[PDB]
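Participant: The structure follows.
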Amino acid sequence: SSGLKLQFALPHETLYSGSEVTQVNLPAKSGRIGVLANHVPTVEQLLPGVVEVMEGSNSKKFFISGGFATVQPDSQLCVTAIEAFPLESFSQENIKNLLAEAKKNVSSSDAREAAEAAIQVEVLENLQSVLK
Amino acid sequence: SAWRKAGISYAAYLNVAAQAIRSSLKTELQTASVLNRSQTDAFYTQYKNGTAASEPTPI
Amino acid sequence: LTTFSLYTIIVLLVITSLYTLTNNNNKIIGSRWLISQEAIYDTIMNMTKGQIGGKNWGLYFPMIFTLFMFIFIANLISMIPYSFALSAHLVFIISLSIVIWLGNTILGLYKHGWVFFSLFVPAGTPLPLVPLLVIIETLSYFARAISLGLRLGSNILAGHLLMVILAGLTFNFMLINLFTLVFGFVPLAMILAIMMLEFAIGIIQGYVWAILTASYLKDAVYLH
Amino acid sequence: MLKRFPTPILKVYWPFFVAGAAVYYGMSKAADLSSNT
Amino acid sequence: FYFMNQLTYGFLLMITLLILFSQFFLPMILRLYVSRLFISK
Amino acid sequence: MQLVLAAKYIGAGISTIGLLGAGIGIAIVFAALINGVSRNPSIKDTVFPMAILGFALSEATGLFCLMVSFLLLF
Amino acid sequence: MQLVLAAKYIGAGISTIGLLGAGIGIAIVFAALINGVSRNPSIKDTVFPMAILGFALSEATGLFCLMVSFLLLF
Amino acid sequence: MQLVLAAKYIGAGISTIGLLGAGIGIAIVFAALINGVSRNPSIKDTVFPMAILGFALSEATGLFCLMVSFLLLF
Amino acid sequence: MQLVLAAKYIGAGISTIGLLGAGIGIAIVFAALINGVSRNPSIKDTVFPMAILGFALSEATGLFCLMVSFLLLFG
Amino acid sequence: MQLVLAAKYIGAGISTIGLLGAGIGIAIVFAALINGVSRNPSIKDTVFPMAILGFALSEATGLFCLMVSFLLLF
Amino acid sequence: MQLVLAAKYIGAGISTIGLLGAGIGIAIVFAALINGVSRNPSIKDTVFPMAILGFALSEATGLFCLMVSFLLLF
Amino acid sequence: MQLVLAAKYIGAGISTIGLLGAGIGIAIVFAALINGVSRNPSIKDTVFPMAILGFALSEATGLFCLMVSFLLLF
Amino acid sequence: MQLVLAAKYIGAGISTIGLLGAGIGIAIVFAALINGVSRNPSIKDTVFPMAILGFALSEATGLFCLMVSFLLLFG
Amino acid sequence: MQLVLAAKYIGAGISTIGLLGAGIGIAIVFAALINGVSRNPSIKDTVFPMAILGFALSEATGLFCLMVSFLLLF
Amino acid sequence: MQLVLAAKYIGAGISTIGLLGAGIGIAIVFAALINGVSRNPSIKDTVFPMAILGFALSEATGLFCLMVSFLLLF
């Protein structure tokens, strides 16, 4: 298709529903891949990272909370997301650090809970990287 | 980290990441929607048709 | 009574005094000796299913077992620096490989006759490719038979001589150095390492020989 | 214990035995040909 | 070169091991198998 | 005569150098079998015989090098 | 004649090196075959034949090298 | 005279090594072919002709090596 | 007069091994072409001419050494 | 003066082994290029210039080896 | 007695060159073991004997080269 | 000095093989470059100077081989 | 005698290069160990003693090449 | 000194070959660095000094070979 | 005696070839280290010391080659 269309959606409200995009960053389990036109169909897991939506207007960025980056052979990029990082208002250093310090105490509570706590600390550090 | 064996499933890992984003979201972003997302009052009973009634396990 | 024959008598003396000379508890356990061979007996028995299984795996089980026992025992006491192991000639290991192959074909020629020649063409390789494959297949049949015998005996010969060659160096080192310390225990350390390797390799190469002779039996009984 | 329950000892093990015999006949003549004593 | 009392004797050794295994301890392992089998029943 | 035997020895030695490839080949074959069983443990029984087939073929290469070396020797 | 036969032996020993390449090649073919079959069990039936033929004539290349060594010997 | 023939033989023997690259190459061609057909079976029909073409090109490089060795010998 | 032609033959024979690398390089280019075509059936039109160019270029690289061996032989 | 000229023939012949590395370098750069283009059809316009530049840098070694072989010859 | 012994030693060395392939091969088989068990912790018991067997094969291969060397030593 | 000059020529011919490694190394560096930029086009600017430095360091080996060959010749 | 000792020396020198294969073998063993521990940190304890074993085997082959060179030198 | 100087020259020429390994060292260290930084930008800062040390030691080994080749010259 | 020292220098030069192993060994070790550290920074602390140990062992094999070359130099 002409360029690439992005179906970036969030359960509270969809962000994009096929908007034309000049380039998409997709931080994944392996690594970020730039898809902008045609490309090949792909299925991939979106690791929490900055899914920056580069466009002719501006290269606005979004840190994802997780999702799947999948591609269809008709130049379709279905990116399902949960919580985004609107511009830079999402940035809040103090409460992020407070959660990281207060809950790393329970990072060794109980197998599943401990692992989820460690993962949440890791994604908080990802946000800290996005905090800049 | 490890969320399959050490954790529970990809669903739990993703939910914990979403709760990370929501709870660590800045003050002006906090609204009724994120409060509803944080709010959870389900009770898992797991009817003992044969056995193993969970008795309203909290979510 | 050559060195080979007297060694062969020593083999059977050890063979009987592991499992034949316990025979007292009337149980499946009661002696850790019994657990030892049945472990080996079970490893080869399930291997017999996995490699020969389907019609007559248990029929031909003892030959693989007896050959594995023969190689296993002949490799156990082979480390002592004066081990004149298997007359330092090892020509019989070649002979065992020759007779094993020669019996393998007669079984193939008896059970298949002219069909045994169809084994050289497994699935495809049409008439333009038939002469090339039958040459490779038939020459291979000679090839791995002679290779099996020579590799085991030579390495036993190689292992025995690298016992002595390194040992002579240690004699030189411990005689020349007056007051220092790091001249002889490090060569002794390699001697300790190189002896464990020779003991180890004999165990697996007996297993490898067991697997290989099993592998050729499949080709004789089953055509593919 | 050593209670002898009959099992194939020679019924199916004949091919390798006759192969060994065919080896033996010729196996001693090879030493005779290459005597070198 | 020297083969008389080793290779023929080798096949005789295989026959002796065949006896002392398949007629003695294969029935022994089988006997304990079936013994405990009937112990359960 | 002496030079003939000398070149026989060196030709056998330089014929020996063709079996490093046989060793590497049987090794990569077994490595690929390990990888495949890692991906597909169920297919191990079906896939194993081709491993031994490739091993036998590469060993045949190595012993062709052996045949050249040995005919150069004796 | 002494040097002629000497260098004939040397040339045969050098020529037999082709079995190294033959073995490495048939082994990489086998490795790819195993990887694909484990990754795709259904492809086995239709990937067996050309793989067989390919490593067959990859070995035929080493056989040509061996034949060059043979003619050098004889 | 005899030295010329000796060096001719040794040069042909060294030239015979040129078939190793041909073998490794043809085999890696079939290796990639196997991997590709295992990935998607539909690609085999459109890759087979050009696959055997590249195969024959590597074989032609090997044949060039063999022909230079032969013209050395003859 | 004999050693010079002897060394000519030796040099040509040891130069002939250059085509080994050229052939295997051609074929690894072709192998990556096969992999790319398999992972993208729609990219064949773009990838075929470049792969053919790499083919011919590595072939020329090998053939120049072949010409060096030829001039060692007949020159 | 036959021996010095014979040895410079031998050295010029030896110098032509870097063709292996030059060709395999061209090969790997073009191989990774074609893989990247196939997996990323929209990366060609920026990979092709650096691919050609890397090819030229790789060929620098080969052309230099052939130049030193030529100067040894003449 | 001089030149023949010298060439015997040289052939022994250029046959000892063979252990390179055996070492590289045992190491890569074991590396495949590492990767397979790391990806799949449950396949260790299935793959460990196979990799050990491949080890023994490649080590006996190198030991064969070693024996070819020894026959030119004593 | 005559045999000294002949050995100078043959030693220079032997020493000229390092450019093979230099070229193959710079080419694998370029292949990694182009694969990475195919995966992530944004890192191209960051990886350009590091890769140029790596290219220079890899070609330093070929330059050292050149200076050794020059010392052998002149 | 002089040529015999000379041949012993060069034969030992050429036989030395088995340490090349030993080093590359131990290197690839450690590389696979690195990849395994990075991908699966839990499997590290299971794979480390095996890696030590493989290291020992490869370095044993290399050291044995070293003793082959030694016996060519002194014998 | 004729034979001695000749052997010294050829020994330097053959000792030149360690630059092959030095170059491959630097090259795949830089290649892995490129792959890692293109797959993760943050880890570039902490992986860069490690690669620095890696090719520094590789070039140190190359310098060892250069020194050994040089002493055979002067 | 002249030939003795000549071949002693030749043997030292040809024994220095083993540093290729040390070079490409540290190469591949550091490449795997870069890949592992880029995979996840957590494993870096556990993986670095054993990678350094592997470097030390590969260069210890290289140093063994260097020492034997030294014995063939003094």
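We label chains A, B, ... in the order they appear in the structure tokens, count residues from 1 in each chain, and number ligands from 1 in the order shown.
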Select all residues from chain I having any atom no more than 12 Å from an atom of chain L (counting only C-alpha atoms, ignoring ligands), output as a PyMOL selection string.
Facilitator: chain I and resi 7+11+14-15+18+21+25
Participant: Name the residues in contact with segment 27-36 of chain L at a cut-off of 8 Å, using only C-alpha atoms, excluding same-chain residues fewer than 3 positions from it; report them as number ranges by chain.
Facilitator: J: 25-26, 28-33, 35-36, 47, 50-51, 54-55, 57-58; L: 23-24, 39-41, 43-44, 47, 51, 54-55; N: 27-28, 30-32, 34-35, 38-39
Participant: Would you mind exporting C-alpha atoms of the selected residues as a CSV table (one decimal), in the first residue's frame?
Facilitator:
chain,number,residue,atom,x,y,z
J,25,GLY,CA,34.9,-10.4,1.4
J,26,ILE,CA,33.1,-9.2,-1.7
J,28,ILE,CA,30.0,-11.5,2.5
J,29,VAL,CA,29.3,-7.8,1.9
J,30,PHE,CA,27.0,-8.6,-1.0
J,31,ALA,CA,25.4,-11.5,0.9
J,32,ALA,CA,24.6,-9.3,3.9
J,33,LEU,CA,23.5,-6.6,1.5
J,35,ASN,CA,19.7,-10.3,3.0
J,36,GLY,CA,19.1,-6.8,4.3
J,47,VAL,CA,22.9,0.5,2.1
J,50,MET,CA,28.2,1.9,1.7
J,51,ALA,CA,28.0,-1.6,0.3
J,54,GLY,CA,33.0,-1.6,1.5
J,55,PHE,CA,33.4,-3.7,-1.7
J,57,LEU,CA,37.9,-1.3,0.3
J,58,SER,CA,37.9,-5.1,0.3
L,23,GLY,CA,40.1,-7.5,3.4
L,24,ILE,CA,38.0,-10.3,4.8
L,39,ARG,CA,17.5,-3.7,11.3
L,40,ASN,CA,17.8,-0.2,12.8
L,41,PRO,CA,18.4,2.6,10.3
L,43,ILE,CA,22.0,3.8,14.4
L,44,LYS,CA,23.8,4.4,11.1
L,47,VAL,CA,27.9,3.2,14.0
L,51,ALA,CA,33.1,1.1,12.0
L,54,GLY,CA,37.4,-0.7,13.1
L,55,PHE,CA,38.1,-0.7,9.3
N,27,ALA,CA,37.1,-7.3,12.8
N,28,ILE,CA,34.6,-9.6,14.4
N,30,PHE,CA,33.9,-4.6,15.9
N,31,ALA,CA,31.2,-6.6,14.0
N,32,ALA,CA,29.6,-7.9,17.2
N,34,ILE,CA,28.0,-3.0,15.6
N,35,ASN,CA,25.3,-5.7,15.9
N,38,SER,CA,22.2,-1.6,16.4
N,39,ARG,CA,20.1,-4.0,18.5
Participant: Let's have chain K fitted on chain L; use all the C-alpha atoms paired in order for the least-squares step and return it as an mmCIF file with C-alpha atoms, in the first residue's frame.
Facilitator:
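Okay, selection.cif is ready:
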data_model
loop_
_atom_site.group_PDB
_atom_site.id
_atom_site.type_symbol
_atom_site.label_atom_id
_atom_site.label_comp_id
_atom_site.auth_asym_id
_atom_site.auth_seq_id
_atom_site.Cartn_x
_atom_site.Cartn_y
_atom_site.Cartn_z
ATOM 1 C CA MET K 1 74.035 -13.205 -3.299
ATOM 2 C CA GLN K 2 71.771 -15.503 -5.318
ATOM 3 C CA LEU K 3 70.058 -17.794 -2.797
ATOM 4 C CA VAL K 4 69.620 -14.995 -0.247
ATOM 5 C CA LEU K 5 67.837 -12.830 -2.834
ATOM 6 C CA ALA K 6 65.631 -15.755 -3.881
ATOM 7 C CA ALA K 7 64.603 -16.455 -0.292
ATOM 8 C CA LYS K 8 64.070 -12.719 0.223
ATOM 9 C CA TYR K 9 61.585 -12.733 -2.661
ATOM 10 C CA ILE K 10 59.875 -15.874 -1.345
ATOM 11 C CA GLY K 11 59.570 -14.406 2.147
ATOM 12 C CA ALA K 12 58.150 -11.229 0.632
ATOM 13 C CA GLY K 13 55.482 -13.252 -1.169
ATOM 14 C CA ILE K 14 54.594 -15.446 1.806
ATOM 15 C CA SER K 15 54.285 -12.248 3.839
ATOM 16 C CA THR K 16 52.087 -10.563 1.208
ATOM 17 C CA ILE K 17 49.822 -13.580 1.775
ATOM 18 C CA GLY K 18 48.704 -11.606 4.839
ATOM 19 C CA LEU K 19 46.379 -9.139 3.087
ATOM 20 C CA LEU K 20 43.759 -11.903 2.716
ATOM 21 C CA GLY K 21 42.776 -11.576 6.366
ATOM 22 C CA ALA K 22 42.749 -7.781 6.225
ATOM 23 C CA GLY K 23 40.402 -7.714 3.242
ATOM 24 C CA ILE K 24 38.062 -10.344 4.651
ATOM 25 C CA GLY K 25 38.011 -8.480 7.956
ATOM 26 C CA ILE K 26 37.253 -5.021 6.611
ATOM 27 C CA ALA K 27 34.516 -6.556 4.472
ATOM 28 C CA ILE K 28 32.867 -8.390 7.365
ATOM 29 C CA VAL K 29 33.007 -5.320 9.637
ATOM 30 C CA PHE K 30 31.282 -3.342 6.909
ATOM 31 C CA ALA K 31 28.786 -6.178 6.374
ATOM 32 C CA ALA K 32 27.868 -5.959 10.051
ATOM 33 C CA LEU K 33 27.426 -2.219 9.531
ATOM 34 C CA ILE K 34 25.015 -2.978 6.676
ATOM 35 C CA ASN K 35 22.952 -5.435 8.710
ATOM 36 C CA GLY K 36 22.822 -3.203 11.784
ATOM 37 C CA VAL K 37 21.727 -0.113 9.875
ATOM 38 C CA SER K 38 19.189 -2.153 7.887
ATOM 39 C CA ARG K 39 17.584 -3.540 11.044
ATOM 40 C CA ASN K 40 17.833 -0.171 12.851
ATOM 41 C CA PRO K 41 17.803 2.917 10.592
ATOM 42 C CA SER K 42 18.326 5.166 13.643
ATOM 43 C CA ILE K 43 21.706 3.705 14.700
ATOM 44 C CA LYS K 44 23.587 4.688 11.525
ATOM 45 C CA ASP K 45 25.262 7.751 13.039
ATOM 46 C CA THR K 46 26.252 5.714 16.100
ATOM 47 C CA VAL K 47 27.673 2.694 14.274
ATOM 48 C CA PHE K 48 29.265 4.223 11.149
ATOM 49 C CA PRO K 49 32.340 5.746 12.894
ATOM 50 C CA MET K 50 32.832 2.498 14.825
ATOM 51 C CA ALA K 51 32.842 0.395 11.652
ATOM 52 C CA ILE K 52 35.132 2.898 9.918
ATOM 53 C CA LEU K 53 37.514 2.653 12.877
ATOM 54 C CA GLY K 54 37.472 -1.151 12.650
ATOM 55 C CA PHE K 55 38.156 -0.781 8.930
ATOM 56 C CA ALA K 56 41.190 1.386 9.657
ATOM 57 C CA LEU K 57 42.439 -1.149 12.209
ATOM 58 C CA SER K 58 42.185 -4.114 9.827
ATOM 59 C CA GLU K 59 43.643 -2.107 6.938
ATOM 60 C CA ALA K 60 46.614 -1.072 9.083
ATOM 61 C CA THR K 61 46.933 -4.762 9.972
ATOM 62 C CA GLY K 62 47.198 -5.693 6.290
ATOM 63 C CA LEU K 63 49.535 -2.748 5.743
ATOM 64 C CA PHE K 64 51.743 -4.162 8.505
ATOM 65 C CA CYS K 65 51.980 -7.452 6.628
ATOM 66 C CA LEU K 66 52.698 -5.359 3.537
ATOM 67 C CA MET K 67 55.568 -3.555 5.289
ATOM 68 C CA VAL K 68 57.005 -6.888 6.440
ATOM 69 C CA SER K 69 56.955 -7.807 2.756
ATOM 70 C CA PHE K 70 58.631 -4.542 1.673
ATOM 71 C CA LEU K 71 61.519 -4.918 4.107
ATOM 72 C CA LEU K 72 62.355 -8.030 2.051
ATOM 73 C CA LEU K 73 62.145 -6.064 -1.221
ATOM 74 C CA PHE K 74 64.246 -2.923 -0.755
#
Participant: Within 6 Å of segment 11-24 of chain D, counting only C-alpha atoms, which residues qualify if same-chain residues fewer than 2 places away don't, as a list in words?
Facilitator: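 Listing them by chain and then by number gives residues 103 and 107 of chain C; 8, 26 and 27 of chain D.
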Participant: Quick one: residues within 12 Å of residue 32 of chain B, only C-alpha atoms, excluding same-chain residues fewer than 6 positions away - as a list in words?
Facilitator: residues 12 of chain A; 22, 38 and 39 of chain B
Participant: Store the residues of this selection in a file with N, CA and C atoms, as a PDB file, in the first residue's frame.
Facilitator:
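Saved as part.pdb:
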ATOM      1  N   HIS A  12      -8.357   2.486  26.704  1.00  0.00           N
ATOM      2  CA  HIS A  12      -9.171   3.645  27.054  1.00  0.00           C
ATOM      3  C   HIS A  12      -9.639   4.383  25.806  1.00  0.00           C
TER       4      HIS A  12
ATOM      5  N   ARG B  22       0.398   3.098  34.743  1.00  0.00           N
ATOM      6  CA  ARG B  22      -0.722   3.839  35.318  1.00  0.00           C
ATOM      7  C   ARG B  22      -0.367   4.439  36.675  1.00  0.00           C
ATOM      8  N   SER B  38      -7.145   0.783  38.147  1.00  0.00           N
ATOM      9  CA  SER B  38      -6.593   0.332  39.420  1.00  0.00           C
ATOM     10  C   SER B  38      -7.633  -0.431  40.230  1.00  0.00           C
ATOM     11  N   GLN B  39      -8.891   0.000  40.165  1.00  0.00           N
ATOM     12  CA  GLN B  39      -9.949  -0.659  40.919  1.00  0.00           C
ATOM     13  C   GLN B  39     -10.177  -2.073  40.398  1.00  0.00           C
TER      14      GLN B  39
END
Participant: I'd like a table as a Markdown table: residues in chain M with an atom no more than 12 Å from chain B, each row giving the shortest atom pair and its distance in Å to one decimal, only C-alpha atoms counted, sorted by chain and rising residue number.
Facilitator:
| residue | atom | partner | partner_atom | distance |
| --- | --- | --- | --- | --- |
| M:39 | CA | B:2 | CA | 11.0 |
| M:40 | CA | B:2 | CA | 9.8 |
| M:41 | CA | B:2 | CA | 10.1 |
| M:42 | CA | B:2 | CA | 10.4 |
Participant: What is the distance between atom CA of residue 118 of chain A and atom CA of residue 58 of chain B, in Å to one decimal?
Facilitator: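 One can read the atom CA of residue 118 of chain A to atom CA of residue 58 of chain B distance as 22.2 Å.
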Participant: Give me, as a list in words, the residues of chain E touching chain D, with the criterion being at most 9 Å (counting only C-alpha atoms).
Facilitator: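 Here is what falls inside 9 Å: residues 1, 2, 3, 4, 7, 8, 11, 15, 18, 19, 20, 22, 23, 24, 25, 26, 27, 28 and 31 of chain E.
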Participant: Would you mind reading off the distance between atom CA of residue 196 of chain C and atom CA of residue 79 of chain C, one decimal, in Å?
Facilitator: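 Computing it gives 8.9 Å between the two atoms.
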Participant: Dump as an mmCIF file with N, CA, C and O atoms, in the first residue's frame the residues of chain B that approach chain A to within 9 Å, counting only C-alpha atoms.
Facilitator:
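Dumped everything to iface-v3.cif:
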data_model
loop_
_atom_site.group_PDB
_atom_site.id
_atom_site.type_symbol
_atom_site.label_atom_id
_atom_site.label_comp_id
_atom_site.auth_asym_id
_atom_site.auth_seq_id
_atom_site.Cartn_x
_atom_site.Cartn_y
_atom_site.Cartn_z
ATOM 1 N N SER B 1 12.165 -9.414 32.978
ATOM 2 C CA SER B 1 12.756 -10.625 33.536
ATOM 3 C C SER B 1 11.976 -11.863 33.106
ATOM 4 O O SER B 1 11.342 -11.875 32.052
ATOM 5 N N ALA B 2 12.026 -12.904 33.933
ATOM 6 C CA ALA B 2 11.330 -14.154 33.653
ATOM 7 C C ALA B 2 9.911 -14.073 34.199
ATOM 8 O O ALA B 2 9.714 -13.886 35.406
ATOM 9 N N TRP B 3 8.926 -14.211 33.313
ATOM 10 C CA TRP B 3 7.523 -14.150 33.695
ATOM 11 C C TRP B 3 6.741 -15.403 33.332
ATOM 12 O O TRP B 3 5.549 -15.481 33.651
ATOM 13 N N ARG B 4 7.365 -16.380 32.677
ATOM 14 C CA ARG B 4 6.685 -17.631 32.352
ATOM 15 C C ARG B 4 6.837 -18.650 33.479
ATOM 16 O O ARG B 4 5.843 -19.129 34.033
ATOM 17 N N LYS B 5 8.080 -18.991 33.824
ATOM 18 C CA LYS B 5 8.319 -19.923 34.920
ATOM 19 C C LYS B 5 8.394 -19.194 36.256
ATOM 20 O O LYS B 5 7.714 -19.573 37.216
ATOM 21 N N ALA B 6 9.223 -18.151 36.336
ATOM 22 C CA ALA B 6 9.293 -17.355 37.556
ATOM 23 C C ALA B 6 7.976 -16.637 37.820
ATOM 24 O O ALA B 6 7.520 -16.558 38.966
ATOM 25 N N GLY B 7 7.351 -16.112 36.774
ATOM 26 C CA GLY B 7 6.064 -15.454 36.877
ATOM 27 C C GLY B 7 4.912 -16.411 36.668
ATOM 28 O O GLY B 7 4.988 -17.599 37.000
ATOM 29 N N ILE B 8 3.824 -15.889 36.106
ATOM 30 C CA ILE B 8 2.620 -16.669 35.836
ATOM 31 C C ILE B 8 2.398 -16.843 34.335
ATOM 32 O O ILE B 8 2.373 -17.966 33.829
ATOM 33 N N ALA B 12 -0.118 -11.766 32.908
ATOM 34 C CA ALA B 12 0.234 -11.153 34.186
ATOM 35 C C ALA B 12 1.379 -10.162 34.030
ATOM 36 O O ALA B 12 1.363 -9.086 34.636
ATOM 37 N N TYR B 13 2.384 -10.514 33.226
ATOM 38 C CA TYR B 13 3.505 -9.613 32.978
ATOM 39 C C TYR B 13 3.032 -8.311 32.342
ATOM 40 O O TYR B 13 3.412 -7.212 32.773
ATOM 41 N N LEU B 14 2.172 -8.418 31.329
ATOM 42 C CA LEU B 14 1.646 -7.233 30.665
ATOM 43 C C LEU B 14 0.774 -6.410 31.604
ATOM 44 O O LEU B 14 0.820 -5.175 31.576
ATOM 45 N N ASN B 15 -0.041 -7.073 32.429
ATOM 46 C CA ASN B 15 -0.885 -6.351 33.374
ATOM 47 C C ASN B 15 -0.045 -5.605 34.400
ATOM 48 O O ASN B 15 -0.370 -4.474 34.778
ATOM 49 N N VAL B 16 1.037 -6.227 34.872
ATOM 50 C CA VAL B 16 1.913 -5.560 35.828
ATOM 51 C C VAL B 16 2.614 -4.376 35.173
ATOM 52 O O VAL B 16 2.792 -3.326 35.796
ATOM 53 N N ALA B 17 3.003 -4.510 33.901
ATOM 54 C CA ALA B 17 3.595 -3.375 33.195
ATOM 55 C C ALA B 17 2.587 -2.239 33.014
ATOM 56 O O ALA B 17 2.935 -1.055 33.141
ATOM 57 N N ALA B 18 1.335 -2.579 32.703
ATOM 58 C CA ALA B 18 0.301 -1.558 32.564
ATOM 59 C C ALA B 18 0.033 -0.860 33.892
ATOM 60 O O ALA B 18 -0.141 0.364 33.935
ATOM 61 N N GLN B 19 -0.014 -1.626 34.985
ATOM 62 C CA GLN B 19 -0.160 -1.029 36.308
ATOM 63 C C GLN B 19 1.046 -0.162 36.645
ATOM 64 O O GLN B 19 0.914 0.859 37.330
ATOM 65 N N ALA B 20 2.229 -0.555 36.170
ATOM 66 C CA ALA B 20 3.411 0.285 36.313
ATOM 67 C C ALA B 20 3.205 1.636 35.652
ATOM 68 O O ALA B 20 3.435 2.683 36.270
ATOM 69 N N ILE B 21 2.770 1.630 34.392
ATOM 70 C CA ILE B 21 2.581 2.887 33.671
ATOM 71 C C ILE B 21 1.504 3.731 34.344
ATOM 72 O O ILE B 21 1.661 4.945 34.521
ATOM 73 N N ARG B 22 0.398 3.098 34.743
ATOM 74 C CA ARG B 22 -0.722 3.839 35.318
ATOM 75 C C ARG B 22 -0.367 4.439 36.675
ATOM 76 O O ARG B 22 -0.581 5.634 36.911
ATOM 77 N N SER B 23 0.173 3.623 37.585
ATOM 78 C CA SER B 23 0.473 4.108 38.928
ATOM 79 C C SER B 23 1.605 5.126 38.923
ATOM 80 O O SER B 23 1.616 6.044 39.750
ATOM 81 N N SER B 24 2.558 4.983 38.005
ATOM 82 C CA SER B 24 3.670 5.913 37.883
ATOM 83 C C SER B 24 3.373 7.064 36.933
ATOM 84 O O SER B 24 4.253 7.896 36.695
ATOM 85 N N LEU B 25 2.163 7.126 36.383
ATOM 86 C CA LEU B 25 1.785 8.233 35.519
ATOM 87 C C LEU B 25 1.709 9.530 36.316
ATOM 88 O O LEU B 25 1.387 9.536 37.507
ATOM 89 N N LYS B 26 2.001 10.637 35.640
ATOM 90 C CA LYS B 26 2.076 11.931 36.301
ATOM 91 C C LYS B 26 0.713 12.342 36.855
ATOM 92 O O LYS B 26 -0.331 11.795 36.491
ATOM 93 N N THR B 27 0.742 13.329 37.755
ATOM 94 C CA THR B 27 -0.448 13.679 38.527
ATOM 95 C C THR B 27 -1.579 14.184 37.636
ATOM 96 O O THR B 27 -2.740 13.807 37.828
ATOM 97 N N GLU B 28 -1.265 15.043 36.663
ATOM 98 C CA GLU B 28 -2.318 15.594 35.815
ATOM 99 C C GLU B 28 -2.941 14.527 34.922
ATOM 100 O O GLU B 28 -4.093 14.671 34.500
ATOM 101 N N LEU B 29 -2.202 13.456 34.623
ATOM 102 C CA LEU B 29 -2.762 12.376 33.819
ATOM 103 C C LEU B 29 -3.738 11.521 34.616
ATOM 104 O O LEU B 29 -4.638 10.908 34.029
ATOM 105 N N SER B 33 -10.514 7.239 34.756
ATOM 106 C CA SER B 33 -10.230 6.026 33.994
ATOM 107 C C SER B 33 -9.117 5.211 34.643
ATOM 108 O O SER B 33 -9.234 3.989 34.792
#
Participant: Kindly determine which residues of chain C lie within 8 Å of chain K, considering only C-alpha atoms, and give the answer as a PyMOL selection string.
Facilitator: chain C and resi 151-152+154-155+158+201+204-205+208
Participant: Just write the chosen residues, N, CA and C atoms, as a PDB file, in the first residue's frame.
Facilitator:
ATOM      1  N   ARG C 151      40.687 -47.781  14.457  1.00  0.00           N
ATOM      2  CA  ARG C 151      40.619 -46.607  15.323  1.00  0.00           C
ATOM      3  C   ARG C 151      40.715 -46.992  16.796  1.00  0.00           C
ATOM      4  N   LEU C 152      40.059 -48.084  17.193  1.00  0.00           N
ATOM      5  CA  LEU C 152      40.091 -48.495  18.593  1.00  0.00           C
ATOM      6  C   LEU C 152      41.485 -48.955  19.001  1.00  0.00           C
ATOM      7  N   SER C 154      44.486 -48.490  17.552  1.00  0.00           N
ATOM      8  CA  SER C 154      45.532 -47.479  17.447  1.00  0.00           C
ATOM      9  C   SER C 154      45.493 -46.515  18.626  1.00  0.00           C
ATOM     10  N   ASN C 155      44.295 -46.091  19.032  1.00  0.00           N
ATOM     11  CA  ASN C 155      44.183 -45.159  20.149  1.00  0.00           C
ATOM     12  C   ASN C 155      44.625 -45.815  21.452  1.00  0.00           C
ATOM     13  N   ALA C 158      48.119 -45.643  20.999  1.00  0.00           N
ATOM     14  CA  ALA C 158      48.514 -44.253  21.191  1.00  0.00           C
ATOM     15  C   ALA C 158      48.467 -43.871  22.663  1.00  0.00           C
ATOM     16  N   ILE C 201      38.069 -42.638  27.361  1.00  0.00           N
ATOM     17  CA  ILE C 201      37.824 -42.899  25.943  1.00  0.00           C
ATOM     18  C   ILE C 201      37.508 -44.368  25.698  1.00  0.00           C
ATOM     19  N   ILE C 204      33.641 -44.992  26.298  1.00  0.00           N
ATOM     20  CA  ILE C 204      32.733 -44.531  25.252  1.00  0.00           C
ATOM     21  C   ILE C 204      33.007 -45.250  23.934  1.00  0.00           C
ATOM     22  N   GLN C 205      34.280 -45.455  23.586  1.00  0.00           N
ATOM     23  CA  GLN C 205      34.580 -46.148  22.335  1.00  0.00           C
ATOM     24  C   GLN C 205      34.052 -47.576  22.344  1.00  0.00           C
ATOM     25  N   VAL C 208      30.634 -46.682  21.547  1.00  0.00           N
ATOM     26  CA  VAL C 208      30.584 -46.327  20.130  1.00  0.00           C
ATOM     27  C   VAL C 208      30.659 -47.581  19.269  1.00  0.00           C
TER      28      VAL C 208
END
